[PDB]
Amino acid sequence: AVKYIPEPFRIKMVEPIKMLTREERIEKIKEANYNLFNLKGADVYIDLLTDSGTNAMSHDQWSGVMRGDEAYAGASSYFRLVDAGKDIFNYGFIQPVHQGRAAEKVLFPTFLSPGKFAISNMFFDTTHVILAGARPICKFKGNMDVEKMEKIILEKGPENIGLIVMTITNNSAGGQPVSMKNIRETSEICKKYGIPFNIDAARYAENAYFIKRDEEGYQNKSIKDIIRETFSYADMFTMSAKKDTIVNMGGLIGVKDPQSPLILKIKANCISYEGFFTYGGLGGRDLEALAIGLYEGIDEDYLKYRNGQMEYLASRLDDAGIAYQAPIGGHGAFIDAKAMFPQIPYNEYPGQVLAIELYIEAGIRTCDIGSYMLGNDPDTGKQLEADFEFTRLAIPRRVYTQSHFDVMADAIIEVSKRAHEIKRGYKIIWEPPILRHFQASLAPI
């Protein structure tokens, strides 16, 4: 096995959880129509459904919550945020926004005229985007296939590609990172063919660690700098802060160039969608927690602990013989449901079978990243077959302990030991035509 990294903090406030029996948990998931999204938080012991804005802040951040300035125009709480923003990244301009998705709505359009296409390093997407994720063909997976991109900027005109977005770490692979090298190289093609380069930075901090730890020549290099370097190869960044700023709400747009015409556009855009640009849909409370949490997320001791959780969980899973995305990513594990349940074909949803079944085991709450989540064909209506059947364990930051990770690994191993008994997957009782998996009702066969 491997050793866990003990928390470079101590616990100051706890949220008590009601403990259920398995017979109770069975009733819960049956009452939710076997859709884990219909469970009540109160009935979930370890909630791994997402790492987005479910983190535990510090008593420093809560301190700033009480000091939060709620002024419409010009809150003091706003400058402390932009001052951090300009420090950490060294960008010229920083703009608060309420959600990660709202950062894109504010910025992307100015450069992305309807009809222009942009390439990213992703595998899945909700979207006119061109996906050139480097084939896993393991280390630093989730790079951009710089070759593929470079040729895509020619099969599709150069003055046509609206922009390139490198999201770091790459979510759609499992949180795998991006090499300082894959960033210079993606940068290079961007300056030649004149395309703007944006970094989607939701898990930028976990990414910097993965560089310090793995990319050759960043061993003794400062985390603070490994960040500030990544944001030299980019014209701009958009961010969901709910991730690596260990916060509960917020998003951030930054443009390196202080004089970049985008700035006057972003302010006007923000005023229209979010509100006056010195709170950007964000509260004084949240601006404070976000200017402080920007730095907690960077601290190298916290980054080592956090990487170590993942390492610990992966070691433990190696050791029991369970299949997961081999180089485990920044923020959690992806269990291969089709491997544990070869009896369940894709259309019976092996992902939900594991997810449902892990909840029944220890009140852990996961979600299918597989055929259930993929949905039905937008035109044919027919159920799509996913490349992989994963169930995802997304880990909110600074909230679960080693003891909970043992609750997770162990619950996984228990379903393995009895997987052979579930002879049938699930079937869909009712579903809307769109965002199916959020809403649908299922039953067993």
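Numbering starts at 1 and follows the sequence shown.
S.K.: Indicate whether the chain is continuous between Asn220 and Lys221 or, if not, how many deposited residues are absent from the coordinates: none, 1 to 3, 4 to 9, or 10 or more.
M.R.: Per the deposited record, the segment joining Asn220 and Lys221 has no missing residues.
S.K.: What is the count, as a class, of unmodelled deposited residues between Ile137 and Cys138: none, 1 to 3, 4 to 9, or 10 or more?
M.R.: Gap size class: 10 or more residues without coordinates, per the record.
S.K.: Quick one: higher average CA temperature factor, 186-194 or 345-353?
M.R.: It is 186-194.
S.K.: Select between 292-300 and 177-185 the stretch whose C-alpha atoms have the higher average B-factor in the entry.
M.R.: 177-185 has the higher mean C-alpha B-factor.
S.K.: With respect to the C-alpha temperature factors reported in the PDB entry, which of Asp286, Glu155, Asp368, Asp244 ranks highest?
M.R.: Largest recorded C-alpha B-factor: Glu155.
S.K.: At the C-alpha atoms, which of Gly281, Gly100, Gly162, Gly308 reaches the highest B-factor in this entry?
M.R.: Highest C-alpha B-factor among the listed residues goes to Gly162.
S.K.: Within this chain, which third does the Cα B-factor at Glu361 fall in: lowest, middle or highest?
M.R.: Ranked within chain, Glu361 CA B lands in the lowest tercile.
S.K.: Would you please rank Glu389 by its C-alpha temperature factor against the other modelled residues of its chain and give the third it falls in: lowest, middle or highest?
M.R.: Middle third by C-alpha B-factor.
S.K.: If you rank the chain by CA B-factor, which third does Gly330 end up in: lowest, middle or highest?
M.R.: Answer is middle: the recorded C-alpha B-factor places it there.
S.K.: According to the PDB entry, is the CA B factor of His420 in the bottom, middle or top third of its chain, that is, lowest, middle or highest?
M.R.: Answer is highest: the recorded C-alpha B-factor places it there.
S.K.: Tell me, lowest, middle or highest third: where does the Cα B factor of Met249 rank within its chain?
M.R.: Tercile = lowest for this residue's CA B-factor.
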